[PDB]
Structures are given as structure tokens and as C-alpha cells.
Amino acid sequence: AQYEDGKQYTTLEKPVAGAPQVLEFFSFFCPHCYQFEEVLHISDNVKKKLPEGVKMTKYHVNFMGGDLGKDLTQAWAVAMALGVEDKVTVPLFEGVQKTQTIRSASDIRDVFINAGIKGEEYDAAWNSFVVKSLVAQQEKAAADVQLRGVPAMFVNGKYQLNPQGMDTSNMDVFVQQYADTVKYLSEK
């Protein structure tokens with residue numbers, strides 16, 4: 001067929017109960033994740049084709065970057081709690097990988113301050129139990145899909161996107177296939 005198990009996607013041998021409809025994992029340390037987000041715009045292209053009533057969820061992972069990696073997961077939790085993902089995603093990627101001016105938790109915070117989040121607001125979120133639970137949620141989700149690497153995307157806790165079973169020639173053809181595959185899986 002056009003879409004095939006083992007090709008554009010694979011099927012989790014152990015399906016995840018109550019999973020987000022579309023779940024992306026990434027790290028601000030991850031070079032391919034930088035490409036996915038800042039050059040290929042995978043998240044955006046997926047969301048543009050999702051059925052109505054399908055929300056997209058994105059989680060950070062700890063296993064890259066040691067202490068700063070975990071700081072970044074906690075800062076991503078702050079971004080989710082405050083609803084400012086679309087204000088900090090680009091400067092966090094660029095700060096870690098382009099300028100490499102993000103080397104500590106304080107450097108992460110600076111990104112939020114520069115983007116207009118009050119220090120007061122950031123600090124209260126950072127130290128909140130709501131953010132600790134969002135960190136725990138992200139770690140939980142990774143365990144649930146038995147995550148081994150990033151970037152990664154899962155649909156309805158059942159299917160895993162398989163970009164290596166897609167075409168790599170045209171970035172754009174690749175992005176279109178990826179986005180079309182997510183849409184197909186969402187309706188499956």
C-alpha cells in the first residue's frame with residue numbers, strides 16, 4: 001500500500017494508555033532536533049495538516065547534556081506551564097546550538113527574561129510543584145514509549161514515525177511525507 005507498517009511508521013508492541021494524540025520528543029542539545037525544528041519545521045507542518053480536534057504535544061528529554069539537559073527539561077516545563085513555547089523555542093535552540101551562550105540554568109532564564117517573561121513569573125514557575133509534575137510527565141512519557149533517541153514522534157500512543165523509511169532527497173518532500181504520515185496515522 002501507500003502507507004505501510006515498517007516503512008513510514010512502526011507499531012509499538014506495547015500501546016500506551018491515555019497518550020497525547022500526537023507526541024513529539026526532542027532535546028535543545030540534539031543537532032537533528034535543531035534541523036527538525038528550525039530548518040525543516042516538522043512540528044509546524046504536522047500541525048497544519050492535523051484533523052480538527054487533534055492537539056500536538058511536545059516534550060523535552062533529559063539524556064543529552066547532563067546537568068544542563070535536565071535544566072532544559074525543567075525550563076521546557078516552565079514554558080508549557082506559562083504557555084510561552086512559541087516565544088522561547090527558537091532562542092533556546094539558538095542559544096544552545098548556534099551561539100552556545102546557554103551554559104547554565106541562569107543562561108536559560110535569561111532567554112525567558114529577554115522574551116518578556118517577568119523574572120518573578122519565571123522563578124515562581126521554575127520552583128513550582130506544577131512544573132515538577134510536568135518534568136515527571138515528560139520523563140514518564142519517555143519511559144512509556146521506551147524512548148531510545150530523539151527526535152521522535154508517536155501517534156495515539158500506538159504508532160512511531162519512521163523517518164528513515166521516508167525519502168531524504170528533497171527536504172521538502174521529506175517534510176511533506178512526514179506530515180502526511182502523521183495525518184494518516186491520526187485517522188487510523
# chains A, B, ... in the order shown; residues from 1 in each chain; ligands from 1

call {"tool": "residues_around", "arguments": {"residues": "residue 186 (chain A)", "least_positions_apart": "4", "cutoff": "12 Å", "atoms": "only C-alpha atoms", "output": "list in words"}}
result
residues 20, 21, 22, 23, 46, 47, 49, 50, 51, 52, 53, 54, 55, 56, 153, 154, 155, 156, 157, 158, 159, 160, 161, 179, 180, 181 and 182 of chain A

call {"tool": "write_last_selection", "arguments": {"atoms": "C-alpha atoms", "output": "PDB file, in the first residue's frame"}}
result
ATOM      1  CA  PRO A  20      -1.366  12.512  23.803  1.00  0.00           C
ATOM      2  CA  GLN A  21      -2.796  12.255  20.262  1.00  0.00           C
ATOM      3  CA  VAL A  22       0.460  13.475  18.699  1.00  0.00           C
ATOM      4  CA  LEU A  23       3.544  13.367  20.873  1.00  0.00           C
ATOM      5  CA  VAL A  46       2.434  18.419  11.019  1.00  0.00           C
ATOM      6  CA  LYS A  47       0.087  20.822  12.855  1.00  0.00           C
ATOM      7  CA  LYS A  49      -2.409  19.134   8.392  1.00  0.00           C
ATOM      8  CA  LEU A  50      -3.811  17.640  11.600  1.00  0.00           C
ATOM      9  CA  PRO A  51      -7.534  16.828  11.713  1.00  0.00           C
ATOM     10  CA  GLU A  52      -9.749  19.148  13.725  1.00  0.00           C
ATOM     11  CA  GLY A  53      -9.719  18.304  17.426  1.00  0.00           C
ATOM     12  CA  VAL A  54      -6.205  16.861  17.305  1.00  0.00           C
ATOM     13  CA  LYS A  55      -3.726  18.654  19.567  1.00  0.00           C
ATOM     14  CA  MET A  56       0.059  18.356  19.295  1.00  0.00           C
ATOM     15  CA  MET A 153       7.068  11.321  17.290  1.00  0.00           C
ATOM     16  CA  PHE A 154       4.306   8.971  18.387  1.00  0.00           C
ATOM     17  CA  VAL A 155       0.644   8.950  17.342  1.00  0.00           C
ATOM     18  CA  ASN A 156      -2.189   7.934  19.731  1.00  0.00           C
ATOM     19  CA  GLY A 157       0.355   6.029  21.814  1.00  0.00           C
ATOM     20  CA  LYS A 158       0.351   3.332  19.150  1.00  0.00           C
ATOM     21  CA  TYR A 159       2.490   4.310  16.167  1.00  0.00           C
ATOM     22  CA  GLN A 160       6.037   5.610  15.883  1.00  0.00           C
ATOM     23  CA  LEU A 161       7.098   7.849  12.998  1.00  0.00           C
ATOM     24  CA  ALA A 179       3.411  15.492   7.888  1.00  0.00           C
ATOM     25  CA  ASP A 180       1.155  13.404   5.585  1.00  0.00           C
ATOM     26  CA  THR A 181       2.128  10.273   7.530  1.00  0.00           C
ATOM     27  CA  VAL A 182       1.184  11.813  10.869  1.00  0.00           C
TER      28      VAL A 182
END

call {"tool": "residues_around", "arguments": {"residues": "residue 172 (chain A)", "least_positions_apart": "3", "cutoff": "8 Å", "atoms": "only C-alpha atoms", "output": "PyMOL selection string"}}
result
chain A and resi 40+175-176

call {"tool": "write_last_selection", "arguments": {"atoms": "N, CA and C atoms", "output": "PDB file, in the first residue's frame"}}
result
ATOM      1  N   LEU A  40      13.610  22.420   9.030  1.00  0.00           N
ATOM      2  CA  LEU A  40      12.547  21.634   8.405  1.00  0.00           C
ATOM      3  C   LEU A  40      11.146  22.015   8.891  1.00  0.00           C
ATOM      4  N   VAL A 175       9.598  16.457   4.409  1.00  0.00           N
ATOM      5  CA  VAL A 175       8.738  17.127   5.383  1.00  0.00           C
ATOM      6  C   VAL A 175       7.267  16.862   5.037  1.00  0.00           C
ATOM      7  N   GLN A 176       6.950  16.921   3.751  1.00  0.00           N
ATOM      8  CA  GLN A 176       5.578  16.644   3.334  1.00  0.00           C
ATOM      9  C   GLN A 176       5.150  15.216   3.631  1.00  0.00           C
TER      10      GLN A 176
END

call {"tool": "closest_atom_pairs", "arguments": {"of": "region 30-67 of chain A", "to": "region 130-139 of chain A", "cutoff": "10 Å", "atoms": "only C-alpha atoms", "output": "Markdown table"}}
result
| residue | atom | partner | partner_atom | distance |
| --- | --- | --- | --- | --- |
| A:58 | CA | A:138 | CA | 8.9 |
| A:59 | CA | A:138 | CA | 5.7 |
| A:60 | CA | A:138 | CA | 6.7 |
| A:61 | CA | A:139 | CA | 7.0 |
| A:62 | CA | A:139 | CA | 7.8 |

call {"tool": "residues_around", "arguments": {"residues": "residue 32 (chain A)", "least_positions_apart": "3", "cutoff": "12 Å", "atoms": "only C-alpha atoms", "output": "PyMOL selection string"}}
result
chain A and resi 25-29+35-42+93+97+149-152+163

call {"tool": "closest_residue", "arguments": {"among": "A:104, A:169, A:164, A:10", "to": "residue 67 (chain A)", "atoms": "only C-alpha atoms"}}
result
A:104

call {"tool": "select_by_dssp", "arguments": {"residues": "region 76-170 of chain A", "states": "alpha helix (DSSP H)", "output": "ChimeraX atom specification"}}
result
/A:76-82,85-93,105-114,119-126,129-144

call {"tool": "residues_around", "arguments": {"residues": "region 87-89 of chain A", "least_positions_apart": "6", "cutoff": "9 Å", "atoms": "only C-alpha atoms", "output": "NGL selection string"}}
result
:A and (28 or 37 or 76 or 79 or 111-112 or 115-116)

call {"tool": "select_by_dssp", "arguments": {"residues": "region 53-173 of chain A", "states": "strand (DSSP E)", "output": "PyMOL selection string"}}
result
chain A and resi 56-60+152-155+159-161

call {"tool": "residues_around", "arguments": {"residues": "residue 162 (chain A)", "least_positions_apart": "5", "cutoff": "8 Å", "atoms": "only C-alpha atoms", "output": "list in words"}}
result
residues 6, 7, 8, 9 and 10 of chain A

call {"tool": "residues_around", "arguments": {"residues": "residue 122 (chain A)", "least_positions_apart": "4", "cutoff": "12 Å", "atoms": "only C-alpha atoms", "output": "PDB file with N, CA and C atoms, in the first residue's frame"}}
result
ATOM      1  N   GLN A  74      13.377  21.140  32.625  1.00  0.00           N
ATOM      2  CA  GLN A  74      12.633  21.890  33.642  1.00  0.00           C
ATOM      3  C   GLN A  74      12.200  23.244  33.069  1.00  0.00           C
ATOM      4  N   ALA A  75      13.067  23.872  32.280  1.00  0.00           N
ATOM      5  CA  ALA A  75      12.695  25.124  31.628  1.00  0.00           C
ATOM      6  C   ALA A  75      11.597  24.904  30.593  1.00  0.00           C
ATOM      7  N   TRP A  76      11.653  23.788  29.869  1.00  0.00           N
ATOM      8  CA  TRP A  76      10.568  23.458  28.949  1.00  0.00           C
ATOM      9  C   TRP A  76       9.236  23.280  29.704  1.00  0.00           C
ATOM     10  N   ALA A  77       9.287  22.651  30.876  1.00  0.00           N
ATOM     11  CA  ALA A  77       8.126  22.567  31.753  1.00  0.00           C
ATOM     12  C   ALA A  77       7.606  23.967  32.110  1.00  0.00           C
ATOM     13  N   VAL A  78       8.507  24.902  32.382  1.00  0.00           N
ATOM     14  CA  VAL A  78       8.089  26.278  32.642  1.00  0.00           C
ATOM     15  C   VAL A  78       7.397  26.873  31.418  1.00  0.00           C
ATOM     16  N   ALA A  79       7.961  26.620  30.239  1.00  0.00           N
ATOM     17  CA  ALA A  79       7.382  27.143  29.007  1.00  0.00           C
ATOM     18  C   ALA A  79       5.953  26.607  28.810  1.00  0.00           C
ATOM     19  N   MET A  80       5.763  25.326  29.102  1.00  0.00           N
ATOM     20  CA  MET A  80       4.443  24.721  28.969  1.00  0.00           C
ATOM     21  C   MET A  80       3.484  25.315  29.988  1.00  0.00           C
ATOM     22  N   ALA A  81       3.947  25.466  31.222  1.00  0.00           N
ATOM     23  CA  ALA A  81       3.093  25.988  32.288  1.00  0.00           C
ATOM     24  C   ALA A  81       2.637  27.427  32.011  1.00  0.00           C
ATOM     25  N   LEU A  82       3.532  28.235  31.439  1.00  0.00           N
ATOM     26  CA  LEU A  82       3.256  29.647  31.185  1.00  0.00           C
ATOM     27  C   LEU A  82       2.632  29.868  29.809  1.00  0.00           C
ATOM     28  N   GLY A  83       2.666  28.833  28.981  1.00  0.00           N
ATOM     29  CA  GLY A  83       2.134  28.933  27.634  1.00  0.00           C
ATOM     30  C   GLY A  83       2.976  29.819  26.735  1.00  0.00           C
ATOM     31  N   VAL A  84       4.300  29.741  26.868  1.00  0.00           N
ATOM     32  CA  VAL A  84       5.182  30.597  26.058  1.00  0.00           C
ATOM     33  C   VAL A  84       6.125  29.816  25.160  1.00  0.00           C
ATOM     34  N   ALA A 105      21.787  27.209  34.091  1.00  0.00           N
ATOM     35  CA  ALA A 105      20.366  27.461  34.314  1.00  0.00           C
ATOM     36  C   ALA A 105      20.052  28.952  34.216  1.00  0.00           C
ATOM     37  N   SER A 106      20.975  29.777  34.703  1.00  0.00           N
ATOM     38  CA  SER A 106      20.808  31.226  34.637  1.00  0.00           C
ATOM     39  C   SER A 106      20.748  31.698  33.184  1.00  0.00           C
ATOM     40  N   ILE A 108      19.639  29.972  30.690  1.00  0.00           N
ATOM     41  CA  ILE A 108      18.314  29.614  30.200  1.00  0.00           C
ATOM     42  C   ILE A 108      17.287  30.662  30.598  1.00  0.00           C
ATOM     43  N   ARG A 109      17.296  31.005  31.880  1.00  0.00           N
ATOM     44  CA  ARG A 109      16.406  32.021  32.416  1.00  0.00           C
ATOM     45  C   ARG A 109      16.506  33.331  31.647  1.00  0.00           C
ATOM     46  N   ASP A 110      17.730  33.740  31.322  1.00  0.00           N
ATOM     47  CA  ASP A 110      17.930  34.965  30.542  1.00  0.00           C
ATOM     48  C   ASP A 110      17.109  34.991  29.251  1.00  0.00           C
ATOM     49  N   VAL A 111      17.002  33.842  28.597  1.00  0.00           N
ATOM     50  CA  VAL A 111      16.215  33.731  27.378  1.00  0.00           C
ATOM     51  C   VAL A 111      14.766  34.090  27.650  1.00  0.00           C
ATOM     52  N   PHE A 112      14.219  33.589  28.756  1.00  0.00           N
ATOM     53  CA  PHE A 112      12.848  33.914  29.093  1.00  0.00           C
ATOM     54  C   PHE A 112      12.688  35.391  29.449  1.00  0.00           C
ATOM     55  N   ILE A 113      13.649  35.944  30.197  1.00  0.00           N
ATOM     56  CA  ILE A 113      13.588  37.355  30.598  1.00  0.00           C
ATOM     57  C   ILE A 113      13.617  38.250  29.350  1.00  0.00           C
ATOM     58  N   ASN A 114      14.533  37.945  28.437  1.00  0.00           N
ATOM     59  CA  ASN A 114      14.643  38.696  27.187  1.00  0.00           C
ATOM     60  C   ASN A 114      13.382  38.603  26.336  1.00  0.00           C
ATOM     61  N   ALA A 115      12.681  37.471  26.411  1.00  0.00           N
ATOM     62  CA  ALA A 115      11.459  37.264  25.632  1.00  0.00           C
ATOM     63  C   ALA A 115      10.221  37.853  26.305  1.00  0.00           C
ATOM     64  N   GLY A 116      10.409  38.494  27.453  1.00  0.00           N
ATOM     65  CA  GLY A 116       9.328  39.233  28.084  1.00  0.00           C
ATOM     66  C   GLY A 116       8.633  38.566  29.255  1.00  0.00           C
ATOM     67  N   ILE A 117       9.142  37.422  29.695  1.00  0.00           N
ATOM     68  CA  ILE A 117       8.601  36.792  30.889  1.00  0.00           C
ATOM     69  C   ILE A 117       9.197  37.483  32.120  1.00  0.00           C
ATOM     70  N   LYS A 118       8.359  37.942  33.047  1.00  0.00           N
ATOM     71  CA  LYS A 118       8.881  38.581  34.263  1.00  0.00           C
ATOM     72  C   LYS A 118       9.709  37.592  35.085  1.00  0.00           C
ATOM     73  N   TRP A 126       9.440  28.031  37.924  1.00  0.00           N
ATOM     74  CA  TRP A 126      10.593  27.142  37.998  1.00  0.00           C
ATOM     75  C   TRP A 126      10.572  26.322  39.275  1.00  0.00           C
ATOM     76  N   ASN A 127      10.220  26.964  40.384  1.00  0.00           N
ATOM     77  CA  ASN A 127      10.243  26.295  41.673  1.00  0.00           C
ATOM     78  C   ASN A 127       8.903  25.647  42.045  1.00  0.00           C
ATOM     79  N   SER A 128       7.926  25.695  41.149  1.00  0.00           N
ATOM     80  CA  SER A 128       6.570  25.198  41.441  1.00  0.00           C
ATOM     81  C   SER A 128       6.451  23.670  41.391  1.00  0.00           C
ATOM     82  N   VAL A 131       5.356  22.581  37.882  1.00  0.00           N
ATOM     83  CA  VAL A 131       6.477  22.299  36.985  1.00  0.00           C
ATOM     84  C   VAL A 131       7.193  20.988  37.306  1.00  0.00           C
TER      85      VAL A 131
END

call {"tool": "atom_distance", "arguments": {"atom1": "CA of residue 15 (chain A)", "atom2": "CA of residue 144 (chain A)"}}
result
8.6 Å
